[PDB]
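First, one chain by itself in structure tokens, the form deposited in one PDB entry.
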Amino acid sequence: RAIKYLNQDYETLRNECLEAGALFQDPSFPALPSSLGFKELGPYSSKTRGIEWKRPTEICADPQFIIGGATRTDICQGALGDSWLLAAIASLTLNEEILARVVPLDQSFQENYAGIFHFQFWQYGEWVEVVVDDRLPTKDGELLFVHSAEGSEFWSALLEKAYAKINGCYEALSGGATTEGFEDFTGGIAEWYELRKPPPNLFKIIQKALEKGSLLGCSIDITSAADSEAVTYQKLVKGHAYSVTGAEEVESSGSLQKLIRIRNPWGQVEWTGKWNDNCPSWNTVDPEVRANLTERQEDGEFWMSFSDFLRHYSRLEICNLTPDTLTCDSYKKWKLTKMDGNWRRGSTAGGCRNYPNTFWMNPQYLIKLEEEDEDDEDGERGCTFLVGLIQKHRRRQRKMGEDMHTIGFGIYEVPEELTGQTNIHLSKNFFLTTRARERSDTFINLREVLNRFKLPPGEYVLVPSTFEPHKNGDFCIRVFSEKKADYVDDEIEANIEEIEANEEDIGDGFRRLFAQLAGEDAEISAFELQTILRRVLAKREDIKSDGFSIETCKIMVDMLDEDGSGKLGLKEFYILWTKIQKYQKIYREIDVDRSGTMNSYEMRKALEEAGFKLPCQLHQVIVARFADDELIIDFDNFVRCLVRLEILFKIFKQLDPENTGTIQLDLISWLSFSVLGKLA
């Protein structure tokens, strides 16, 4: 299991190409200038002249997917500012087990070759498989972008292409934090150190991270460094991602020396200070330790003393495979809660607390901290949790001249009287009169803002925002809570409130009303129903809808038409109206801004409130199809959405009368149930 990006299956597309004796041509990321870039590498940039896409089989007669292993020296930067990504790849090669998930190791130019390759990336909580054709950009017969120090090796070139593909183009990979690559290769958890304010025992931390299979990168702050010189006199590159590949303590002429191994993803240009490949102070170390640690090789990789590392670098980025801090001496039990959301101009795009008029319009999320999960590390008693707010698909916006938003979040205690009661939204006046109990360490234009917290047991509301209001974007939140000894949710449920529609339940008052609405044939048709709904909604300002469609009414009829009449009798209209009463109660209660409509956040709340426990992928699918281009759902679409969903759950349970995971259908009834619904 892993999402198939663009619904492209690798084995299906490879097998058809092999059987066709063809080589794969990806229609979704074609060998054209649009796949290169949009500005500096766009159709109108003179830097793109002479660029030709060549398969590895067109630039040599014996290409290898991997040769000599998949190692860091296979990652050499080309004509793109994606060092952040490449340092990530290089670091990944050091953990063979996790490398093998991103890069299916069994791919080959010699067996079952059909010009198609595949890779796997963690994307905002989900693993995603990406297929690419093997056409790579070249200029003057040589690979333009990433290439291996081994000229005939192509795995890393193909990996960078696949990652360019999901971002729209290669130029979009320019500029970033190495943590972004780290995460997209591990789904791991970031731990960051500022080297001017480092923890004590940071050398032990680094050694531990490496021992543990964590990925490590470092970099020099360039704004606050030689204006127009990125390359320093000691051959270090500022504003450029390096990988940390090792850390050893050595005895040197009787003295203890702490050494860190660093790699420039250029695969060339190295530190020329103490402990460089050619340093005379290597003679000062035991020969067999020398032979094991160091080589005289222009490969981007060098040693420096830890002191020099601290005096020269600004930041250490670390991606751990667990939510456990490296400074802790034991492993904890953890629970991941994934949430997703959307800020949209006109509705949920509230901006931060500096903008109190709209701040209250942001999506809100419950964080429940349990008494039982209590720990006392550092000697503070409370519930440990991590919140990571990650903004999504922001590189595709580069074409628009849009980048990462400045993001962050605040955490608030819920009032005692409001406790144990979800669906709540904290008002404007609440924010005007009460401060956040916690916040993110800052608001910043990083893809992810991840913080570690400890608070007393209870219920908290997380408010994720951009800094300025009216910014559009998708996000998701990871909440990792420390747990005591469990082994809350993982299933898809419709816990909906079923209805009394026996004859005993329906009184004279409703019977009179129905008879009056049914007319001559004693039944309510869809046309009659549309007229009824048009008419009652006309009386109410608080329920906005663009009229009520006949196709929505036809579905409502079919949902409840238990006899085969094709129209609504007494009990069937009673169920219907009772459903409509509930739908609009939910709708109006959850209608925070009193807009008469559901924004994407309100719709999520309404789905939970109607009794649906759904994964995020379903929620996004619902807002698409049921929402407009402002991501607003009016009453007409609200009812259609909830009616259809209840229909679909019930069609599924049935066809599956004994609760197994799955259902079996042929093309004829698949097209029939998916398009025409209520049939069984």
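The numbering used is simple: start at 1 and walk along the sequence shown. Whichever C-alpha set is largest while still superposing within 1.5 Å between the two forms counts as the rigid core.
Missing here is the form deposited in another entry; even so, the following discussion is about that form.
- Only one of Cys319, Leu86, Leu568, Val103 has its Cα shifted by 2 Å or more between this form and the one not shown after fitting on the core, and that residue is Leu568.
- Relative to the superposed rigid core, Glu417 undergoes a CA displacement smaller than 2 Å between this form and the one not shown.
- With the core held fixed between this form and the one not shown, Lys539 has its Cα displaced by at least 2 Å.
- Superposed on the core, the two forms differ at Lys585: its CA moves 2 Å or more between this form and the one not shown.
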